[PDB]
């Protein structure tokens, strides 16, 4: 999986293109603004320990450490992205990025106050989503919280040709928001809250799309027209498909006890 991601969706240039549209230090939907919103009801402090699964360019960890002073540990399977994240943070012993496979990584039981993941678990097969959430359950402190956003979808029976091709090319495994919540419940999480945030996601996509268009000249200087068209068309399809609920954006929050 590592090689597939590093050589395709998350090549160095692919990562930089995503950062252009999502915002500095982000390769996830909504960049900084979405992060502020998603964390708005979360309480942590300087003694908290946080795990970020799919930490990307490190924006999430940077924000969490800035806002709360928490210890943050980000894991990402792509070595190249971790190397980039490490270049953007210095002199801060409370931010650590690690290139590793979360499915084989070992952490102590009852370790984290928050396990956080933004648009990263879509890369895992259904079997591995379940395995991951079982591990997360163990790794959370009894008082801990799981907080996730992820790409989701309508039932597969409803997918059209274009959407099938996108999912296949990306090698995503997209399940419904309801199926996702059921996995958390099966893993014994408590107070499972799921939100279909597709409308909000559509708003974020529109802001990003507008930004791309208004900054086209700069984009073309940094990248190429070919890459612009690919990015533009990709956002157009996500806007269309989120509007009609074919591609969805799921939010999940749960606790260990």
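Numbering follows the first chain given and starts at 1.
Visitor: Should the higher mean CA B-factor in the entry be assigned to 88-96 or to 182-190?
Guide: The deposited B-factors put 88-96 ahead on the C-alpha mean.
Visitor: Using only C-alpha atoms and the B-factors in the entry, which stretch averages higher, 106-114 or 143-151?
Guide: On average, C-alpha B-factors are higher across 106-114.
Visitor: Please rank the C-alpha B-factors of the chain's modelled residues and tell me whether residue 156 sits in the lowest, middle or highest third.
Guide: As the PDB entry reports it, the C-alpha B-factor of residue 156 lands in the highest third of its chain.
Visitor: Taking the chain's C-alpha temperature factors as the reference, tell me which third residue 257 falls into: lowest, middle or highest.
Guide: Its C-alpha B-factor, which the entry lists for residue 257, ranks in the highest third among residues of this chain.
Visitor: Which third of the chain does residue 11 land in by C-alpha B-factor: lowest, middle or highest?
Guide: For residue 11, the deposited C-alpha B-factor lands in the middle third.
Visitor: Ordered by C-alpha B-factor within the chain, which third holds residue 53? Give me lowest, middle or highest, please.
Guide: Lowest third.
Visitor: Where does the C-alpha B-factor of residue 249 rank in its chain, lowest, middle or highest third?
Guide: It falls in the bottom third of the chain.
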